[PDB]
Ligand SMILES: Nc1nc2c(ncn2C[C@@H](COCCP(=O)(O)O)OCCP(=O)(O)O)c(=O)[nH]1
Ligand SMILES: Nc1nc2c(ncn2C[C@@H](COCCP(=O)(O)O)OCCP(=O)(O)O)c(=O)[nH]1
Ligand SMILES: Nc1nc2c(ncn2C[C@H](COCCP(=O)(O)O)OCCP(=O)(O)O)c(=O)[nH]1
Ligand SMILES: Nc1nc2c(ncn2C[C@H](COCCP(=O)(O)O)OCCP(=O)(O)O)c(=O)[nH]1
Ligand SMILES: [Mg+2]
Ligand SMILES: [Mg+2]
Ligand SMILES: [Mg+2]
Ligand SMILES: [Mg+2]
Ligand SMILES: [Mg+2]
């Protein structure tokens, strides 16, 4: 056991995503454009979240993945052009907002019809900064959490729940 | 969700989740005390992006520590790598996670590509297996379902990049 | 047989090998003088695969100041394109020169110039070997132009048709019967 | 003039030594693939890994008196190689010539040769500009120069991504490594 405590249980998470699904599914239930809602996720923290979210949204949703390295270095771009598409960014953790800031700028330059953000977790300097997120799963404290996509050196991702890693 | 598009339902969400829980248990037993011996978690390798739905559910269903590795590919058995693995799988216990194995051509390339990286072991787990896979030559240790030779959609599987978000798997009607 | 690589495929030679290497030598001197300057970091040459590869090699050797190589790979989804291979390094605060083979519509250069400026380099200029008359419709300014050529489709010295004729030392108009 | 004044301690291979060797290699390669180009109907394929052999492949291709096509690969290390950019087309049944710049331990070539042969090309040979003593695993058909195990720069070869634009190959002044 390397988990200090369980922050968000698997039952809580699945219950919240079901709520997010309908909230999203009714902001996007009209179709008019003839094109499905596009979910864009950066590998690979929100992979667990986007697979559950897409199944929880009661409207047709399509998948788009991105792989980005650091020196803002694109290691795998979008498969198709998102021009005139309704795009929903699916993140796992928004803390400083730097990651979201870069991604949103990059996607907006591709000229989408709309662009909104859906993160599973939001830390407490993301609330002080008053970032603009359309959909927030949970408001968590500023402690390093793992599980449900989140990781520490590529581990604990397979956890059905979200717990806090013990500061050794 | 897709009115009139799905002709007949092949596999309900309930049945899919039940089989994966069974697969997870079986895989967990075979790789029991592998993290205690080697000191490294079981490595799940998945090709984007049809089996992403399946690998997320499977990883949670396996009672041993597992990690994720993704590959983005394209076609010219002839496969172009758009995004390679992030790490070196040398000496790692590797499980290939596929969505559907039909001709086995996709699998025969991936098996060869990964075995050239010299992993400690390499096995395959596919959710769906079609009858033509019997003519393939890559051994599959874990099979979710044996289905007939019909085009199915849902749970990751698609047709013109649609129906992926479906919670179940079903056949398609002339669309 | 003959010494000709593609007999009967070239309608007319637009530019010869020596004429090409002579202009590049001139461009090198011109570029070298502009970037003779003060920051410690070398001039950065950025070209997309794989038409201006032949050109950037000779150009970098023709420029009398230190030059570094950067390569990008892209693939159309017209003016919109995906990145198959990004820069290996961050060009922030770097003096960057876009090395292109042919500028016609300008759609290629327009996206690249806009993309490279979002990385915020110290300076960003464009050098193309060839320029067609349709390039005047674009809005991205070009500092160095080796040759202004007609609208006709040309090959050689990197330029291709179905991945052929790239290895030619000269540039010529492809015979119409090849692409018809 | 000198692009890097006071950085090169000595010249190993002058620009004309290199270009002269390339002409010899081009003629030699051209005659080996003389008759097996008009039979298949497809040109000779040059495959090169970025970025060290870019200068060498552009000069070599123009030195080969038969039609030659280009293919570039971008890689990274984690013998063990990560592909950043793969080949543009399928090389099944093609006549492939691997164009390298330097073969030392032979690990890089060992991976590439294995990777390309899995794509089932008709023929697969190797041409490197430079070869080091510890390259005595995978057969090399064409070698430009046999050089000592010292660290050299120029003509594609770099140190911290510099000195690639040199027309010659030489050794570096010890103060550069500071
Ligand atoms: N696992 C985990 N990762 C965390 C956490 N906080 C930030 N990160 C890093 C970052 C996500 O890191 C995932 C990158 P991967 O490990 O390569 O998939 O989230 C910061 C959001 P910000 O840019 O708006 O500040 C955390 O609590 N748990
Ligand atoms: N949606 C769907 N896709 C199918 C099916 N059969 C093969 N594929 C193609 C493929 C799975 O679908 C991948 C679609 P992509 O991710 O958009 O490229 O599996 C081929 C296995 P093989 O190489 O052994 O023949 C099917 O029944 N439904
Ligand atoms: N070989 C050849 N190619 C030409 C020509 N005109 C435009 N191109 C397309 C030229 C290269 O098109 C093929 C891409 P690659 O094979 O990777 O060089 O880029 C178009 C520039 P823009 O988007 O500003 O119009 C031509 O005359 N000959
Ligand atoms: N500058 C320089 N680089 C050298 C030298 N030897 C190997 N290299 C690196 C050479 C190429 O390394 C990649 C660097 P780059 O080609 O600049 O992207 O590896 C081949 C060695 P092996 O065949 O044993 O795998 C050398 O003497 N000088
Ligand atoms: Mg993330
Ligand atoms: Mg598959
Ligand atoms: Mg170009
Ligand atoms: Mg090399
Ligand atoms: Mg190097």
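Here are the numbers for the structure shown:
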{"quantity": "Label-point separation in nm, residue D:104 to residue C:80, each point 7 Å along Cα→Cβ", "calculated": "4.5 nm"}
{"quantity": "DSSP beta bridges in segment D:29-99 [antiparallel fraction, %, rounded to 5]", "calculated": "30 percent"}
{"quantity": "Label zone at residue A:71, where the point sits 7 Å out along the Cα-to-Cβ direction: segment A:82-119 residues whose backbone N lies under 14 Å", "calculated": "none"}
{"quantity": "Percent breakdown of C-alpha pair distances by 5 Å bin, ordered from the shortest bin, for chain C", "calculated": "1, 7, 17, 20, 21, 16, 10, 5, 2, 1, 0, 0"}
{"quantity": "Burial ordering of A:114, D:113, fewest other beta-carbon atoms within 10 Å first", "calculated": "A:114, D:113"}
{"quantity": "Of all DSSP beta bridges in chain C, antiparallel share, percent nearest 5", "calculated": "35 percent"}
{"quantity": "Structure-based [θ]222 nm, the protein assembly as shown - -39500 (n - 2.57) summed over DSSP H runs of at least 4, per residue, nearest 500", "calculated": "-7000 deg cm²/dmol"}
{"quantity": "Per residue convex hull volume, Cα atoms of segment B:71-119, in Å³", "calculated": "78 Å³"}
{"quantity": "Taking D:10, A:70, C:75 and counting other C-beta atoms within 10 Å, the order from fewest to most", "calculated": "A:70, D:10, C:75"}
{"quantity": "Alpha-carbon Debye profile of segment B:83-175, log10 I(q)/I(0) at 0.14 Å⁻¹", "calculated": "-0.59"}
{"quantity": "Antiparallel bridges, percent of DSSP beta bridges restricted to the protein assembly as shown (to nearest 5)", "calculated": "35 percent"}
{"quantity": "Ascending count of other beta-carbon atoms within 10 Å, so fewest first, for D:68, B:12, A:164, A:32", "calculated": "A:32, B:12, A:164, D:68"}
{"quantity": "Alpha-carbon radius of gyration plus Dmax, which is the widest Cα pair, for the protein assembly as shown in Å", "calculated": "27.6, 80"}
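Neighbour counts run over all protein chains shown; Cβ positions are idealised from the backbone, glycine included. Readers should treat all values here as calculations from the given coordinates under stated rules, not as data from a laboratory.
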